[PDB]
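One structure below.
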Amino acid sequence: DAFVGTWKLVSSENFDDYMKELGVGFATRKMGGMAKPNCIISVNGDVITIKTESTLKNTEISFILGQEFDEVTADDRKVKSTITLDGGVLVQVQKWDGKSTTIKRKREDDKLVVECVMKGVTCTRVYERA
Ligand SMILES: O=C(N[C@H]1CCCC[C@H]1C(=O)O)c1ccc(Cl)c(Cl)c1
């Protein structure tokens, strides 16, 4: 839709703080911070697929909006995720061990803007078309 495409990360703010708040260890934060992933988003009726591809770690989710699913995240958390569409924004919540983090994906101009919140920490990642 607005989201379908192959996207390449062009900027990141506060991603190390974000990962540290998730409880990601130093080695994994090191690798993750200097990754420059692509994000490939596709849709086939009700099912949305989000692939993230990077030199050191690939991940893939497929989901239906409003249907909770189990996910293993890039840092190996086992979480329950639910994604919904709210005012044109794809809102993802991950829940695990009584904690949650939210990931909002929005289209702004040319770009795919991803805002990641964990407790007091807010990280913004910007992708442009590949
Ligand atoms: O799961 C990732 N990223 C997602 C989920 C949480 C942060 C926002 C979003 C993003 O990066 O836009 C992920 C996957 C592989 C790598 Cl190698 C990296 Cl570095 C990150």
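By order of appearance in the structure tokens: chains A, B, ..., then residues from 1 within every chain, and ligands from 1 in the order shown.
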*Would you name the residues within 7 Å of ligand 1, counting only C-alpha atoms and all ligand atoms, and put them as a PyMOL selection string?*
chain A and resi 32-33+35-37+52-54+56-59+73-74+103+114+116+125
*Using only C-alpha atoms, which residues sit within 10 Å of residue A:1 once same-chain residues fewer than 5 positions away are excluded, as a PyMOL selection string?*
chain A and resi 41-43+88+107
*Between A:20, A:95, A:51, A:8, single out the one closest to residue A:38, counting only C-alpha atoms.*
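Checking each of A:20, A:95, A:51, A:8 against residue A:38, counting only C-alpha atoms, the winner is A:8.
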_Just checking: using only C-alpha atoms, which residue out of A:94, A:39, A:30, A:13 ends up closest to residue A:112?_
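Closest candidate: A:39.
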*For residue A:61, which residue out of A:76, A:11, A:45, A:83 is the nearest one, using only C-alpha atoms?*
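Of A:76, A:11, A:45, A:83, the one nearest residue A:61 is A:83, counting only C-alpha atoms.
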*asked:* Just list as an NGL selection string whatever in chain A DSSP marks as strand (DSSP E).
replied: :A and (5-13 or 38-44 or 47-53 or 59-63 or 69-72 or 78-86 or 89-96 or 99-108 or 111-118 or 121-129)
*Counting only C-alpha atoms, the option among A:46, A:86, A:108, A:16 closest to residue A:62*: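 For residue A:62, the nearest of the candidates is A:46.
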*Show which residues sit within 12 Å of residue A:111, as a PyMOL selection string. Count only C-alpha atoms, and ignore same-chain residues fewer than 5 positions away.*
chain A and resi 2-11+105-106+125-130
Residues from the last selection, N, CA and C atoms, saved as a CSV table (one decimal), in the first residue's frame:
chain,number,residue,atom,x,y,z
A,2,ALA,N,0.8,2.1,0.8
A,2,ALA,CA,1.8,2.9,1.1
A,2,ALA,C,3.1,2.1,1.5
A,3,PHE,N,2.9,0.9,2.2
A,3,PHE,CA,4.1,0.3,2.9
A,3,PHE,C,4.9,-0.7,2.0
A,4,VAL,N,4.2,-1.2,0.9
A,4,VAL,CA,4.8,-2.3,0.1
A,4,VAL,C,6.0,-1.8,-0.6
A,5,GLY,N,7.1,-2.6,-0.6
A,5,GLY,CA,8.3,-2.2,-1.1
A,5,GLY,C,9.5,-2.8,-0.6
A,6,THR,N,10.7,-2.4,-1.1
A,6,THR,CA,12.0,-2.8,-0.6
A,6,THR,C,12.6,-1.6,-0.1
A,7,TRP,N,13.0,-1.5,1.2
A,7,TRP,CA,13.4,-0.3,1.9
A,7,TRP,C,14.7,-0.6,2.5
A,8,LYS,N,15.6,0.4,2.4
A,8,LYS,CA,16.9,0.4,3.0
A,8,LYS,C,17.1,1.4,4.1
A,9,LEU,N,17.7,1.0,5.2
A,9,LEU,CA,17.9,1.8,6.3
A,9,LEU,C,18.9,3.0,5.9
A,10,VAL,N,18.4,4.2,6.1
A,10,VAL,CA,19.3,5.4,5.9
A,10,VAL,C,19.7,6.2,7.1
A,11,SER,N,18.9,6.0,8.2
A,11,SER,CA,19.3,6.7,9.5
A,11,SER,C,18.7,6.0,10.6
A,105,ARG,N,5.2,2.0,12.4
A,105,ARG,CA,5.7,2.1,11.0
A,105,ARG,C,4.8,3.0,10.2
A,106,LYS,N,5.3,4.2,9.8
A,106,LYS,CA,4.5,5.2,9.1
A,106,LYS,C,5.2,5.6,7.8
A,125,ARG,N,14.0,5.1,13.2
A,125,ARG,CA,14.8,4.5,12.2
A,125,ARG,C,14.0,4.9,10.9
A,126,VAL,N,14.8,5.4,9.9
A,126,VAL,CA,14.3,5.9,8.6
A,126,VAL,C,14.9,5.1,7.5
A,127,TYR,N,13.9,4.6,6.6
A,127,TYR,CA,14.2,3.8,5.4
A,127,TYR,C,13.8,4.6,4.2
A,128,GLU,N,14.5,4.4,3.1
A,128,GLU,CA,14.1,4.9,1.8
A,128,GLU,C,14.1,3.8,0.8
A,129,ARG,N,13.4,3.9,-0.3
A,129,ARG,CA,13.3,2.9,-1.3
A,129,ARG,C,14.6,2.5,-1.9
A,130,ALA,N,14.8,1.2,-2.0
A,130,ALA,CA,16.0,0.6,-2.5
A,130,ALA,C,16.1,0.7,-4.0
*DSSP on the backbone, then: every residue of stretch 22-90 of chain A marked helix (DSSP H, G or I), written as a ChimeraX atom specification.*
/A:22,26-33
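The interatomic distance for the pair atom CA of residue A:22 and atom CA of residue A:70 works out to 17.5 Å.
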*Atom pair atom CA of residue A:96 / atom CA of residue A:82: separation (Å)*: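 So the answer is 12.0 Å.
Using only C-alpha atoms for every distance, the candidate list A:118, A:93, A:65, A:24 yields A:65 as the residue closest to residue A:49.
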*Tell me which protein, DNA and RNA residues are within 8 Å of residue A:123, counting only C-alpha atoms, leaving out same-chain ones fewer than 5 positions away, and put them as a ChimeraX atom specification.*
/A:12-15,17-18,115-117
_Which residue of A:124, A:44, A:102, A:28 approaches residue A:75 most closely, using only C-alpha atoms_ =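 Closest to residue A:75 of all the choices is A:28.
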*Just give me the gap between atom CA of residue A:113 and atom CA of residue A:101 in Å, one decimal is fine.*
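Between these atoms lies a distance of 16.6 Å.
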